Structures are given as structure tokens and as C-alpha cells.
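Input: a single structure, listed below in C-alpha cells.
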Amino acid sequence: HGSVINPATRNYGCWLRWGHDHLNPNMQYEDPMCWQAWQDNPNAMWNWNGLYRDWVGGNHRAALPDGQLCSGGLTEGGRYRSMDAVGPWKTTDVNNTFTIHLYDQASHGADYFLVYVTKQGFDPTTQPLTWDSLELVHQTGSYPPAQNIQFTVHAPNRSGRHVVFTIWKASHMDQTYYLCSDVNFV
Ligand SMILES: [Cu+2]
């Protein structure tokens, strides 16, 4: 159980920024995407480390229909479905070369990570996330059990607002985490 801490995923960030003030009506105006998320299902944030599927068998495309990538294909009864929403999600500023930092409290290890980034021209404020919209920019091999895992990726030919989609395949069983992070390539 865990998530990408940097660049923070959607639900981790929503928890981090608003967990201490989750019913604040001004969230609507300060962080509208976090607002809609908290409105829909507070557990998307309280259980921020739980965005996984079991028994995907490597078939990520089958498990995650277009427009449901960020929710893990509506995993856990749609718990994270608000992650699929379209709009001005808060971004982390990154360079074209950036570090992914995963935290996993259970130290499951990883068989691999896949890192996809949206193509130039994609607009996350108006368009749902699709497999077409993403290109694979990084692939790792396995990592031993550890609470913190990090590695550097390069996402070429990108500028401004994008989505980084990280697939983390745990080593303890066929459990796969699906981690969307909003970024701004500066
Ligand atoms: Cu776990």
C-alpha cells in the first residue's frame, strides 16, 4: 500500500493539502478538483494508499478503460472515480528529467514500474486520460522491498501541463497500483 509522493498523485495530494480541513467550502474555489473529489468519496483520500487492482495479469489496458485510468478502472467499487474527473488539477513543477519517489509502507518491492506521460497537445483540463494520449517514457526492472523507492525518468518534448501515469507492480502478489500525477513541465 502506498503512492507516488513526488510528483504527488492526485489523491495523495488532495489528502495532504486538505485532510485537516476536508469540509471547507472554500476548497471549491481554491482547489476545485480536490473539492469534487472530497464531495464524491472522502475515502479516495483517507485510503490514498489503496489505489490498486489485483489479478490484472499484466493486462493494464484491459483493466483500465479509457477515461478510467486514474481511478484504476473504478477499482474498489468506484472508490477513486473522482480521480478520473477533468479540470484544473493542482500540478507539481518538474523539468523534463524528474524523479519519481514512491513510498510503500508495506515494503512489498516492485517487479517493475511503467511510467507514461501525456503527449504534447493533450489538455488535462478538458480531456479525459486515455491510453492513446499517453506514451511510455520509462520502464524499470525489479526493486527489492523498501519503504522508499526512487528513480529518474526523462519525458522528452513536453512543456506545460501534463499527466504522469505510473504503474507499480508489487512483488508480493499480482497487485498493481495505478498512480496519476499532475505536472507542469518547466
Ligand atoms: Cu500494500
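Just so you know, residue 1 is the first one in the sequence shown, and it goes up from there.
A donor and an acceptor atom, one from each side chain of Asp54 and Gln175, are located under 3.5 Å apart. With no hydrogens or angles considered, no side-chain donor-acceptor pair links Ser142 and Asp111 at under 3.5 Å. At a cut-off of 3.5 Å, with distance as the only test, a side-chain donor of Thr9 or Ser3 sits close to an acceptor on the other residue. No side-chain donor from either of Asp123 and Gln127 sits under 3.5 Å from a side-chain acceptor of the other. Residues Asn148 and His101 bring a donor and an acceptor atom of their side chains to less than 3.5 Å of each other.
For the residue pair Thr99 and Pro7, the shortest heavy atom distance occurs at O-CD, 3.8 Å. In plain terms, the two heavy atoms of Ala170 and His108 that are nearest each other are CB-CB, 4.1 Å. Between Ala44 and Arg79 the shortest heavy-atom distance is CB-O, 3.6 Å. Of all the heavy atoms in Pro156 and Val137, the pair that sits closest is CD-CG1, 4.3 Å. Considering every non-hydrogen atom in both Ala155 and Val117, the closest pair reads CB-CG2, 3.9 Å. Between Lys169 and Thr176, the shortest heavy-atom distance links the atoms CD-OG1, 3.6 Å.
To the nearest 0.5 angstrom, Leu179 atom CG is 6.5 Å from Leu102 atom CG. Taking CG from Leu51 and SG from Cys70, the interatomic distance works out to 9.0 Å, rounded to the nearest 0.5 Å. We find the CG-OG1 distance between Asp132 and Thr130 to be 5.0 Å, quoted to the nearest 0.5 Å. Between the OG atom in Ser71 and the CZ atom in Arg53 there is a gap of 8.5 Å [rounded to 0.5 Å]. Atoms CG and CG, from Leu129 and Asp84 in turn, are 8.5 Å apart once rounded to the nearest 0.5 Å. Atoms CG and CH2, from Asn24 and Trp38 in turn, are 12.0 Å apart once rounded to the nearest 0.5 Å.
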**OP:** May I have the step-by-step check of side-chain contact (heavy atoms from CB on, under 4.5 Å) for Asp104 and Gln147, ending in yes or no?
**Re:** CA-CA 5 Å; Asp104 169 18; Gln147 292 184 305; 5.9 Å; no

**OP:** Go through the steps to decide whether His154 and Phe98 satisfy the test ring-ring contact (aromatic ring centres under 6.0 Å, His included), and finish with yes or no.
**Re:** CA-CA 6 Å; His154 175 70; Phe98 62 96; 8.9 Å; no

Subject >> Worked check of side-chain contact (heavy atoms from CB on, under 4.5 Å) between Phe185 and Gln120 >> reply: CA-CA 11 Å; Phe185 285 99; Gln120 198 64 23; over 6 Å; no

Subject >> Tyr116/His138 under side chain to side chain donor-acceptor pair (under 3.5 Å): CA gap, chis, key distance, verdict >> reply: CA-CA 7 Å; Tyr116 294 83; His138 201 86; over 6 Å; no

**OP:** Starting from the C-alpha separation in whole Å, work towards a yes-or-no answer on salt bridge (charged side-chain N to carboxylate O under 4.0 Å, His left out) for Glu135 and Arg158.
**Re:** CA-CA 11 Å; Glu135 282 175 338; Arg158 282 141 172 112; 3.5 Å; yes

**OP:** Please assess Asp182 against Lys90 for the test salt bridge (charged side-chain N to carboxylate O under 4.0 Å, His left out), listing each intermediate value before the final yes or no.
**Re:** CA-CA 7 Å; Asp182 301 278; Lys90 298 297 186 204; over 6 Å; no

Original post:
ring-ring contact (aromatic ring centres under 6.0 Å, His included) between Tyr103 and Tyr12: does it pass, once the steps are laid out?
Top reply: CA-CA 11 Å; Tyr103 179 68; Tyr12 177 69; 8.6 Å; no

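Residues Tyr80 and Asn11 are in side-chain contact: their nearest non-hydrogen atoms beyond the backbone lie under 4.5 Å apart. Side-chain contact between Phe165 and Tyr178 is present, with at least one heavy-atom pair separated by less than 4.5 Å. Considering only heavy atoms from C-beta on, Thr97 comes within 4.5 Å of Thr152 through its side chain. The closest side-chain heavy-atom distance from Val164 to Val115 is below 4.5 Å. Under the 4.5 Å side-chain criterion, counting only non-hydrogen atoms from C-beta, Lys119 is not in contact with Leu134. The shortest distance between side-chain heavy atoms of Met45 and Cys14 falls below 4.5 Å. In this structure the side chain of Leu114 reaches within 4.5 angstrom of the side chain of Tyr112, judged on heavy atoms. When side chains are defined from C-beta on, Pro32 counts as touching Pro88, because their heavy atoms get closer than 4.5 Å.
Grouping the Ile, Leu, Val, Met, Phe, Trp and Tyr side chains by contacts below 4.5 angstrom, directly or via other members, places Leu64 with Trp89. By the rule that hydrophobic residues join a cluster once side-chain heavy atoms approach within less than 4.5 Å of another member, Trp168 and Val163 end up as members of separate clusters. Follow the hydrophobic side-chain contacts under 4.5 Å out from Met83 and you never reach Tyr52; the two are in separate clusters. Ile167 and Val4 are not part of a single hydrophobic cluster, where members link through side-chain heavy atoms under 4.5 Å apart. No single ILVMFWY cluster, assembled from side-chain heavy atoms under 4.5 Å apart, contains both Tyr143 and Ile5.
Using a distance-only test at 3.5 Å, with no hydrogens or angles considered, no donor-acceptor pair links the side chain of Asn6 to the main chain of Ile100. Remark: side-chain polar atoms of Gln36 are paired, donor with acceptor, to backbone N or O of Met33 under 3.5 angstrom.
The pair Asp31-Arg17 counts as a salt bridge, with a side-chain nitrogen and a carboxylate oxygen less than 4.0 angstrom apart.
Atom CG of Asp21 has more than 12 neighbouring heavy atoms from other residues, nucleotides or ligands inside a 6.0 Å radius.
Taking the six-membered ring where the residue is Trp, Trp46 and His22 present perpendicular rings, their angle passing 60° and hence far from 30°.
A distance below 6.0 Å separates the ring centres of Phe113 and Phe151. Checked against the 6.0 Å centroid criterion, the rings of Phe122 and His162 do not qualify as a close aromatic pair.
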